[PDB]
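For reference, the chain that follows is the form whose entry title says "open state", supplied as structure tokens.
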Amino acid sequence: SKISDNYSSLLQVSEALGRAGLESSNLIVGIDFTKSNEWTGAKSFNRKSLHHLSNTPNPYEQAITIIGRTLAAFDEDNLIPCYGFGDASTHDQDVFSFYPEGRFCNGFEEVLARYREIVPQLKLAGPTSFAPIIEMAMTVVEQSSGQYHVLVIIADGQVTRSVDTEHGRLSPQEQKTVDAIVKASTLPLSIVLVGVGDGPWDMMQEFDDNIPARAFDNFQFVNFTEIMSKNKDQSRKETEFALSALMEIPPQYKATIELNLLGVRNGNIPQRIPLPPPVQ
């Protein structure tokens, strides 16, 4: 069933996790390197590309940074597998690992550094689909034998569609993304979409709230731009981010126990191989 916003403060989330008795969790990060990032910073990033490097941190650097300051404790060994998708080497079919032999980033400081080192070497492309990043996460979970994971996807939310959809019919990219979300729910995996840039966010909100075929609500949408836009203190910004990102985690974690997913091998999860980073 659909999971609502049941907590009005970070403290309530923490207590809910306390009651549920969470003992162990790990993070997975996926980063959208599709071409739409060049134009979804029109209003929110002064007509620059969301991936543009300079003296000001771009929204991806900001999200990675805030994620590291607020969610780091939810990765138990501070080793974070990072993947990119949607550049010219992966299109809508594959992901690549941040490092050549699948070596994990040691801390989000290194996630941020490696991001900076990689992104100007990429050809931003497409089409845009979340199926490969989610399928990657599924393989990480299956290979750990059903250890609980949270996949954090940082993206601009522009999954490929036709503007004159006729009407409510999904693109292949949307349909494959939905199928991946539905299949993911046979595994102990939480997904958090951190939306950067201008939106629009209709489809992310649909992933969040309305996929009847899945076994539990396994997908939360965080509007990162709207949180950072609020004329409000920086510590209150990060607290509001943490709250939004963790909002569904206590019920999702509980669902993995009640649906007998936690610690169990599914047996029907194809092994996705990440491509090497297309870099020097």
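For the two forms, the rigid core is made up of the largest set of C-alpha atoms that agree within 1.5 Å on superposition. For every residue, the number given is its place in the sequence shown, counted from 1.
Not on display, but discussed next: the form whose entry title says "closed state".
Of the residues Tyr115, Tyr148, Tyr83, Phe74, exactly one exceeds or equals a 2 Å C-alpha shift between the shown form and the other one once the rigid core is aligned, and that residue is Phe74.
Fitting the two forms on the rigid core leaves the C-alpha of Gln93 displaced by under 2 angstroms between the shown form and the other one. Here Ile269 does not count as shifted, since its C-alpha moves by less than 2 Å between the shown form and the other one after the core is aligned. Core-aligned CA deviation for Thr186 between the shown form and the other one: less than 2 Å. Contraction of the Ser8-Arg236 CA spacing by 3 Å or more is recorded in the other entry, set against this form.
In the other entry, the CA atoms of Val182 and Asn6 move apart by 3 angstroms or more relative to this form.
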